[PDB]
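Taking the form deposited in one PDB entry, here's one chain by itself in structure tokens.
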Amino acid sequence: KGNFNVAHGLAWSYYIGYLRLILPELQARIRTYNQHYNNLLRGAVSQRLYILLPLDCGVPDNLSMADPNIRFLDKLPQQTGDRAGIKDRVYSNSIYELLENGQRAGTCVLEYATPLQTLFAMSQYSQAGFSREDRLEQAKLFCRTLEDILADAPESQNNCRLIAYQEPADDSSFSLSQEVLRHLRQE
């Protein structure tokens, strides 16, 4: 229940401070990108933000380094907002091409859920104290709470997909692009 409270808090933080701010205008930015910059008839950027939730909270900062079949392609147009005294705080998202048998098999806006980096740290540093098994518990509850939030959130309208999975980023037999592609091909 204390792993509940931490995870509950980070999921609400993630919604209040990011998803609720960017999901309203996401499809507009994607549409702008597809109309004017990407006229590949089978290579349109898909309409949803894909959010990676590795349940071990192992979050590399470079997505491309994690898999050879993920290639960094471009950025969406930036989104700016005055926030808590910061003028023109920048919200940015990255577009990736997903490769399969040397072909561009998918194109999407893709990123990790950055709160998982905090769950990982607090299982690393004594002053936070959490167990690795706390971490794993908190990650599941984070995903579950986030799922709950998005289900009822007006800003989420077929424009966000959570991709939760157990495999480390270290793992010999796991393809991150294949994980993303399987979900993409379901829409």
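Rigid core (definition): largest C-alpha set, two forms, superposition within 1.5 Å. When you see a residue number, it is the position in the sequence shown, counting from 1.
Another form, the form deposited in another entry, is not on view; read the next lines as being about it.
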- Query: Which of these moves by 2 angstroms or more at the C-alpha between this form and the one not shown, core superposed: 145, 118, 38, 47?
  - Reply: 38
- Message: A 3 angstroms or greater change in CA distance between residue 100 and residue 40 is reported in the other form. Closer or farther than in this form?
- Response: farther
- Item | Distance direction in the other form for the C-alpha atoms of residue 163 and residue 42, relative to the displayed form (3 angstroms or more) | farther
